[PDB]
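Next up: just one chain, as structure tokens, the form deposited in one PDB entry.
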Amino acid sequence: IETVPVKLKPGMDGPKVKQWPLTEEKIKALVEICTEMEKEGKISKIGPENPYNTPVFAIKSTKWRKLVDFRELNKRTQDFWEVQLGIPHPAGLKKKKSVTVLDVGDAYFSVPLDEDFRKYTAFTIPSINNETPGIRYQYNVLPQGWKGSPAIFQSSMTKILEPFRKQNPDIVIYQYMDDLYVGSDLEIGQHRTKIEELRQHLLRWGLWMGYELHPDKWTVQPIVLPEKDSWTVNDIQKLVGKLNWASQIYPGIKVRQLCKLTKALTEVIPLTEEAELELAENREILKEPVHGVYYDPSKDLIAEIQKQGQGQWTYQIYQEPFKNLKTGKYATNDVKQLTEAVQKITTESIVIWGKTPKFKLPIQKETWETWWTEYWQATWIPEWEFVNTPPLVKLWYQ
């Protein structure tokens, strides 16, 4: 086994990312993990000649797991993992009755990493109250979290999967970062049996959400128009505004007749013939997907989240603003619920397009940066920005 040469491009320097302060228990957990990885020769202590840095976190059941934030490196290594060695996405995955996610990141530890690239995988275990310099390391093997790891390994993954794929032609396997996405139209019992069969194939070779995923059942959350016995001026105004913003997305939406009826908000106005028809006609448009919107593989996916109150969260995935590719919902505390939603939306985004979306988070940067790791369970991290949710967009999406 020999190394695959990795390149960033003629330009573009490596990552120089700050390490967010970690808790005592998280630091200790990392030193235990890293001492074992050093001994096993997976990572090596580094000198100051390596100016690079990638953040590290410790996540969970009871056992601690090391999570490296390779977002900057993945961004800076795009030519390698995407254009040069791209893993193709199957359109069939989203159509399967049941999809199973299995962690395969332990396979990357058996493969060495290009000596000339190693320096870019530099990370720091910080010390409490800056009392000690801070433990510096770099990877010797393909690191979990880096998008270059499955790009290099794909050739070895194909050999492992070759018999299982031949014996099961209707089963679809997709490799995304440290996970395998296994889809089938089989009955749940048979599906689970085939998952255990695949685990054994991986055992030789050395290897929110729920038990499985059901993407064939993934329906969009339609923009809901209230069904009222009595309608006040205010009710119409809310309905006029909601439909007006929906007309920007859905081709065919009409407000004209509803607009036709200086009055007090509390005053009741009777529901006219053509407006009742318009409302029923718009209702039918919102049920079906948006006409004219298609996924551009060269464009970045963007996701917006709205806190709906009472443990309810709404979300939309788009490339061009308000042109929705998917809309949906998620059902103890605000941050815990939000991290659960982010992970769920990312899991769907991977299944459907083979890419993660950039999140527009309705939270203060600092609050999120402090707490996200406390509830996070995924091997990956999506891109995120901190946004102030416009008050209207929450109301328009229920």
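Superpose the two forms; the largest set of C-alphas matching within 1.5 Å is the rigid core. Residue indices: 1-based, along the sequence shown.
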Residues of the deposited chain absent from the coordinates between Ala331 and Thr332 total 4 to 9
Of the deposited residues between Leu207 and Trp208, the number without coordinates is 10 or more
Going by the entry, of stretches 269-277 and 98-106 the one with greater average Cα B-factor is 269-277
Assert higher mean C-alpha B factor (183-191 or 249-257, deposited values) equals 249-257
When the entry's CA B-factors for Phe117, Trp146, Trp218, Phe153 are compared, the highest one belongs to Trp218
Per the deposited entry, the peak Cα B-factor within the set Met157, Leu325, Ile173, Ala264 goes to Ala264
Entry-reported C-alpha B-factor of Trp313 relative to its chain, by third, is lowest
By the entry's values, the third containing the CA B factor of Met12 is the highest
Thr389: CA temperature factor from the record, placed by chain third, in the highest
By the entry's values, the third containing the CA B factor of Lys66 is the middle
For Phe164, the third of its chain by CA B-factor is the middle
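The same protein has a further form, the form deposited in another entry, not shown here; the description that follows concerns it.
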A Cα shift of 2 Å or more between this form and the one not shown, after fitting the rigid core, is seen among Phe153, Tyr137, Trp313, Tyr250 only at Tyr250
Is the C-alpha displacement of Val172 equal to or greater than 2 Å between this form and the one not shown once the rigid core has been superposed? no
#### Entry: Rigid core superposed: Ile128 CA moves 2 Å or more between this form and the one not shown
no
Using the rigid core as the reference frame, would you say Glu115 shifts its C-alpha by 2 Å or more between this form and the one not shown?
no
